[PDB]
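See below for the structure under consideration.
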Amino acid sequence: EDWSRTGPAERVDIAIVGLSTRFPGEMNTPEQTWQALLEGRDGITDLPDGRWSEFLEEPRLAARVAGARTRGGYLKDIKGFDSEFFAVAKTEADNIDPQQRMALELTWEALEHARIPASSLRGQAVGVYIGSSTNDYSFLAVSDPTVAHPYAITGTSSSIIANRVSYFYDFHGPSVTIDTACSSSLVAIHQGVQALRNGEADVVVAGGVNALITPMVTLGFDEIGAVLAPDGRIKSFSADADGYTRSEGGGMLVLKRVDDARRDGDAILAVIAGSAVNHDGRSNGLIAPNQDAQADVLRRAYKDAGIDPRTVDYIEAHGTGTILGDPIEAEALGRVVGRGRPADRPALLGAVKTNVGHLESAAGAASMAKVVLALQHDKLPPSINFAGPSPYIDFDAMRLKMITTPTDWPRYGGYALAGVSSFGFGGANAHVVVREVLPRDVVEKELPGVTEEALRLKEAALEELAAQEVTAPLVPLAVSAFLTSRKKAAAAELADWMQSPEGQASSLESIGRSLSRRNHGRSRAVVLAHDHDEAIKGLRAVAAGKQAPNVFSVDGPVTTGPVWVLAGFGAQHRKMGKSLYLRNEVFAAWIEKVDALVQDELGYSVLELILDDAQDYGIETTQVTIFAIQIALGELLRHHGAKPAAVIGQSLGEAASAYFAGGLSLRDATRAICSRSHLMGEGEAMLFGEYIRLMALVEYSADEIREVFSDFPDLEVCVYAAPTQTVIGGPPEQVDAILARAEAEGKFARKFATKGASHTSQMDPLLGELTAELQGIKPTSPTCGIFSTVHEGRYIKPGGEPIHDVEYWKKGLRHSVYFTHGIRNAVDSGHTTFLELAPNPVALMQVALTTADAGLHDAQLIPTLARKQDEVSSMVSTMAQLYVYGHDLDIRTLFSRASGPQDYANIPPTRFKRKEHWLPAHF
Amino acid sequence: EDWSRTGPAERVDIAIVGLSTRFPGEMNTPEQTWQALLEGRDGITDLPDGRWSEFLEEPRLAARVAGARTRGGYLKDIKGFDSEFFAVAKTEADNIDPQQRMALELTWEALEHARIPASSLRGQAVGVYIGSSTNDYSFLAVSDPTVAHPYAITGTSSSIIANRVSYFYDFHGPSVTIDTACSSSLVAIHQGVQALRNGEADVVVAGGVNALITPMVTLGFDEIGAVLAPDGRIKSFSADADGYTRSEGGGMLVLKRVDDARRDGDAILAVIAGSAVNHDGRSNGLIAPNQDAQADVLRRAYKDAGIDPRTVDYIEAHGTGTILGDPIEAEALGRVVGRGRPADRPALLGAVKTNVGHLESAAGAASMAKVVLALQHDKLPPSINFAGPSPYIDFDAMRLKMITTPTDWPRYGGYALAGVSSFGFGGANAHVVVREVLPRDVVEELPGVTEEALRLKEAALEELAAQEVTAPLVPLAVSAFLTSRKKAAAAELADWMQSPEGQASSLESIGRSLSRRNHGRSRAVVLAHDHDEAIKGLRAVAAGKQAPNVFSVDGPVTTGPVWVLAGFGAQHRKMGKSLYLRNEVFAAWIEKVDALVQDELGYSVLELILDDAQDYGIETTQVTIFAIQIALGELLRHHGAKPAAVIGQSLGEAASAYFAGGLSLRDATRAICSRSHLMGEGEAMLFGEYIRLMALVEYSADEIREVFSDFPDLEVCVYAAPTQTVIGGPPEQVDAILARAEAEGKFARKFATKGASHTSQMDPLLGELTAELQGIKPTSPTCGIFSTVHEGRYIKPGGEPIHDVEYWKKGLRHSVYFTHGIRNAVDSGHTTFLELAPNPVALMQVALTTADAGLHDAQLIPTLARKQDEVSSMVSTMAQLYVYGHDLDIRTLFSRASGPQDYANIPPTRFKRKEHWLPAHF
């Protein structure tokens, strides 16, 4: 229990990993926005259709709509919401919005652009600092003074804009709304940066929105004087300037600490070095700018960033196109930035306001987007509407050079640098210093190991592998949604895109990666493919509804976790786990660790037998090798994020089971399995003749056995495999007599010709030596609920008490195995998914029979590696199935870490079914 | 310039130095609030006479309003604003959102409660984080969308609530309005704390405000249908809980870094240690409280503070009074705060909502008052409306215990701790932990007096202690932004001082209280010894009648002062000795220059000052007057005075060199002794054929240039006035002009001086003056010099070195141009002259010259006099400097206050308000 104060908040650079735009004419993606900037577009139009259609009544308001300057930037389709995506009823979805629609959708788009799964942030400390300015839908919220509506407080409140975002996405972090007029987005970004720096949140969504709903604000802005341009365009720092115009839109940015963005392997677009914010006092008039105030903002921001303001290559300015504000801004800029510039290194001016207009509270977002895009495409957009340098600004006296044609970056200090300024009409100034990505923030600051023979055989095997065919790897394409119809439609779209030339030119692995870095919704589907044609066929199957040999698609998560069936009675095949050792590294490391342990215990190395294909097997070597492969498989699964919920183990697959439950540790499990195997080795080497036993898989139940031992009292029960079948072992004579009886009673019988007939009577001498060996292990509290087949199948609850002592390993070896009772108890406790970790799946048939008798016929049997199969593909299929059914699996960990934008694909984005959700408001 | 990545932020504790209040019931200072809390008053009332009165016109909404849950903590006087005080016009003032008016007034009240004058914060890094969750005045103001007024965007907006506060008070710091529903205040405070910890502000005014203007929001909040209590009394953590009611009223807090509060001298009311804020996430919807989030805020807050939550005493909580939310808050509290309590330790619980209601965005402002006020009076207030423990929450199970009667402070683990929690209805949660003030956070070669000086000082202190004490003169400083307001404030203060509480208060305490208030444009000062003199002076100020010790002014004097460093024959037997015995800065500087003069010639001037038997020769008088001038000016500059222009005379040039930045100290000492020893040696060796006897005559420059061929060896010594002139020459030609002017009608007052300077007689002496002024460095002056050496022409500030060896060579020979320099000062606006000598002799000449040049309202301030107590004289000069509007820090006139007994509850500032409201046609 530590309570000793947090610690200092170190000043660090803040990476930017995502970005999304809904600008009033620069279009709705950060690739359309870049095209519009690079070409140079104008988003100013007249009132589309009827947008004030509501206030267009009261026929005198109509006159002043056609009397006030009503041009500006508008956004098509303000009314639109996929209410079933965002889980809002029809009666509620119209009382919300429209700024909260834009916020909710822009958060999704920014998270998709950053390529972080939106489902990986639910239940995490993610701050949401959103800046809004006006509440004008609330007017529509109350239009009939004969009724009143609920849902109105949370529907059109201003705080609730930044709360709903935290609600829907389940963000447990500081969620506030900001209001500082025309600078809300920049101060919101500044506060997000501060929150990230003092460790309140790990990822922050920042930005701002703005919507134009009523003409009342425009009418009020009209009656101030000459503040609104008759033309409807904005020419910043030009000879001509007669006012700005008001636009609607919004922007969002996903901020992350630079170390966090390097560790998580994301692509950094640009870093923020520092920022500042202040007020301007007087400022003779509430809406009059100041020079010393803005110079103070610049100085504080650039001292926070730790850079020299005279090495800045570009300055995105406020530039609201005023004959009085612009000279003041230019002089303030030149007093700090253009102070000692040697007349040949001028700072480039340029304002995004000439393309989009004045975006109010979202203005600081829009500029930011530009400065980010120009810092990733390595260009500089030109500023439109510029006629000629203004009389009241002496450009060459300062270091200002208003660009007109797309230039390249003038790196006056080596790396690209920029500054974004924004000044509100209340007097709140903000300035953000945006750098470019740099090399400095992508680079970081005993046991008997393998023997000498192992090296030789490994060297031979690697060349033999490198002297074979060029096999096509198996790639999982993962499609997902929150419903089933959405998943089908998305699969159809992805299949269609995969056939066009862009889809055909894209590598399969890149498409798989881009799919694996998306949202993992409730409904999931996976298509395992080798080339494009197989992928298209499987995606068509998913979209239609049919099944396929290697295509999985379920409707909802399985409620209960898996049960790891640690099997391995008769699972050996001569090439046990050799391919995976060469072609997978975690498997090889865990195998070598187990080899070191086994070498310490017994003397020989499992790795030699595994790699070599000359020596065959035997009960000792078979058991130890199967245990080693089981451990390696379990750790490979748990390296990708798999977690057992219960564990059941049969015979030799018991010790490994212990390690997977927290009932022992790897060394103790190795102890137990090696001692056991050595005991059977020597015992079966000795006991023959008057001591020979046998085994038989007879079709007798637990009760049909209770009336069949009377004739042959000396037989015993080895394993209760299924509630139809059972392994019997006893004297040879009585064994063939029972086979003859089974033949004449309609009962299948088959002899297992294995010397090591354990669990019956041959181990009576051996257990004493066992007592000499295993004494000294330390059982601990089980972190996983074990279905003890040795204790007749009681669901020993996690965390209770150590249950793995020397008697348990003695009794389990001596007495019978209660597999079917344990499985029956498991299916009656909720579990439906069983995962068998064995070289060759043989126990899934027994599990299928037991679960079929127990009532549940639609189970989920998931096998590991098998014979005459590609082991890498088997592992991929097992992990894909785990992903589909809903269990713990990080799909992003399959595909390797990328290098650049060429390792991903331009897969189609998600779609929303937007319906007109508007309120009938008569004024 | 250096740009090297401003260092990190260090997690320090934030002191609260001020506080305001406009809660229901306690509509005033935080001393009525304490009475109402300790009394258990209920501020929840019904609908006032007319509250809405706008939408209560249509006979449809009227019935629904009449059948709604419309009881709550309604405030009186929402429509009253003091327009003239806040400089806004009329048509602008009816628009301004009442939330903005409330914030404007509460900021002033907080700055008064903290005892930090508002005018002292002009144009500095002052952050303004204000929380506000609604603007329903936009409905009324932007109603009638036909002919609506221009001012609705600037006026009734939300980003402007904090921006007007930053504007009016001229705060250059981060100003922002915050919106997180019912947690806004507790969030804003939190953000302010972070600012003070990363260096983006120095004093932060953080708080919240809320107002009920429209019933539509109330009727809507009634919906759902089961969250508004029938009666209205919020019963929190009780068996009965039928909802909550709305309220209005806000609150501010003046936050400072604890180091700043310690260093300045303010009284630390309480200390915030940590704060945290997060969101619920998804639990059961927006308006469904989640418990794991409400435990996480507590854990993060108490790890940010570094405080173990199992030692907190008071858990002032949300207490919304809902039948479901309160148990959830209880489990949240018991999981973190009361987890491991050794079973006595009943984690005393309380809520302020039961006295004032639910204040929405200002809720975190209400609780932060209750916890602070209690922390200032060392006693928990009772919490009303607690019938019995609720069935669903087991109080004794976790650690909980409701408080019902005024209870003393448990002090588990040492000091007093607390915790304020707010949980918004949108999902935002905030928790702030407050400590108690602690013993920490409040605490942490040139010879001097020689042996002979020590002995004489001991004798002088014996003599000083022999005589009894006399009442010290105390300046009472009244100020306002208008003449009428200052008059009214003076009248009210006099009425207060006639009252018994105003009769049992020490005058020093009243002065101290008045010195830490806003110093406006109109100013007035009354210097008094006892209460009746003060009362009569205050009545004179209110009436407008003049008085000896009363000073008053209608507006600031534009140009800066002029330090007339002069004096010829102003010496007497005991100058500069009484204030040396009753002031330590003056004494320190006297000894500082005494070391230098000991270095220069052979001896200490302080010995001459102490001993009263010394016969003041020319050399000794010159150096003593130089030392007195230096100490006087540096004492004046220690209190914040700053000369705008200096002008010397004779031996006044040497000190003007130091006070203009043209020279360092040792340079001025070298100059003054180089002059003095030479004159001292030279004067004795002069006789009948050699003495150039100086005498004053009453002939101006033209009237001496006319009659100058009559008198050959006579010469100008000092141009003193546009009519007078000091002349020097051989005695017979002196007497001849004296006698002729006697008949002509002129005045020939003769000087009995013997070391006659400003003559051709000094030519022999200049040879050693040349060699005794070497090694000094003239330096660029920091302010203008009206040098009398160079004819009197002005010299601009920050130019080139002037006081070189040749400059002093000219100064010791050629005539003094005092009168022309004074007239040149007249030319460029200057009106105030302050004369630094132990006797105001040059003031007469300056007065005559200013009368010549057309100034009849010329402010001429003498510093010291003879046969006048020197400390009283200095207090008078410094009060006059304050009065006229120059740069004097009046708060430094008094001593550091050791407790609340050192201040006086003087009447507060008054706001004369008028009704500003819009038409109600909605």
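Protein chains in written order, with the entry's author numbering: chain B, 106 to 550, 596 to 1073; chain A, 106 to 549, 596 to 1073. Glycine residues also receive a C-beta, built at the ideal position from the N, C-alpha and C atoms.
Residue closest to residue i, alpha-carbon to alpha-carbon, out of the options
i         : options                                 : result
B:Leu924  : B:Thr933, B:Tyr958, B:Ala899, B:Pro794  : B:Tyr958
A:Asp1003 : A:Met1025, A:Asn975, A:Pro1059          : A:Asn975
B:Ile686  : B:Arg900, B:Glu421, B:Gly653, B:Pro1059 : B:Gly653
B:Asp413  : B:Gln749, B:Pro255, B:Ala378, B:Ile878  : B:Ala378
B:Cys934  : B:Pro948, B:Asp861, B:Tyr242, B:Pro255  : B:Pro948
B:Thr1014 : B:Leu987, B:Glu162, B:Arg387, B:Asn133  : B:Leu987
B:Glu106  : A:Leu689, A:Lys408, A:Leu627            : A:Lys408
B:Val547  : B:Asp371, B:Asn669, B:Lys725, B:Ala655  : B:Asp371
B:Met473  : B:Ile420, B:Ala114, B:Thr910, B:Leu920  : B:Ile420
B:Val1026 : B:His536, B:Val677, B:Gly671            : B:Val677
B:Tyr517  : B:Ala655, B:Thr416, B:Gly879            : B:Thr416
Residue environment, residue i, which counts as buried when at least 16 other CB atoms sit within 10 Å
i         : result
B:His1072 : exposed
A:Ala694  : exposed
A:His1007 : exposed
A:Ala406  : buried
A:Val310  : buried
Cα-Cα separation, residue i to residue j
i        : j         : result
B:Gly130 : B:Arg338  : 13 Å
A:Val442 : A:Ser703  : 59 Å
A:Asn990 : A:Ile779  : 11 Å
B:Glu832 : B:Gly906  : 10 Å
B:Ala230 : B:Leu301  : 10 Å
A:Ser225 : A:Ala306  : 15 Å
B:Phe326 : A:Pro255  : 8 Å
B:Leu211 : B:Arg1061 : 13 Å
A:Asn700 : A:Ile121  : 39 Å
B:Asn460 : B:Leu180  : 14 Å
Span of the alpha helix (DSSP H) around residue i
i        : result
B:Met830 : 816 to 836
A:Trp714 : That residue, A:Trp714, is in no alpha helix (DSSP H); its beta strand (DSSP E) goes 713 to 715.
A:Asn268 : 265 to 273
Limits of the beta strand (DSSP E) - the one that residue i falls within
i        : result
B:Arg540 : 534 to 540
B:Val797 : 796 to 799
Query raised in the report: Of all the residues that make up the segment 258 to 286 of chain A, which are near chain B by a beta-carbon distance shorter than 7 Å?
Result: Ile258, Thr259, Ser263, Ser264, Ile265, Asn268, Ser271, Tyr272, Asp275, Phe276, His277, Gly278, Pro279, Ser280, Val281, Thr282, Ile283, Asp284, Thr285, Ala286
Query raised in the report: Relative to chain B, which residues along the segment 182 to 209 of chain A have a C-beta separation below 7 Å, given in chain order?
Result: none
**Report entry** Near-chain B residues of the segment 359 to 385 of chain A (beta-carbon distance less than 7 Å), N- to C-terminal order
**Finding:** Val382, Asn383, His384
**Report entry** Residues of the segment 409 to 428 of chain B whose Cβ lies closer than 8 Å to any Cβ of chain A, in chain order
**Finding:** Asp409, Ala410, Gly411, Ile412, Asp413, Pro414
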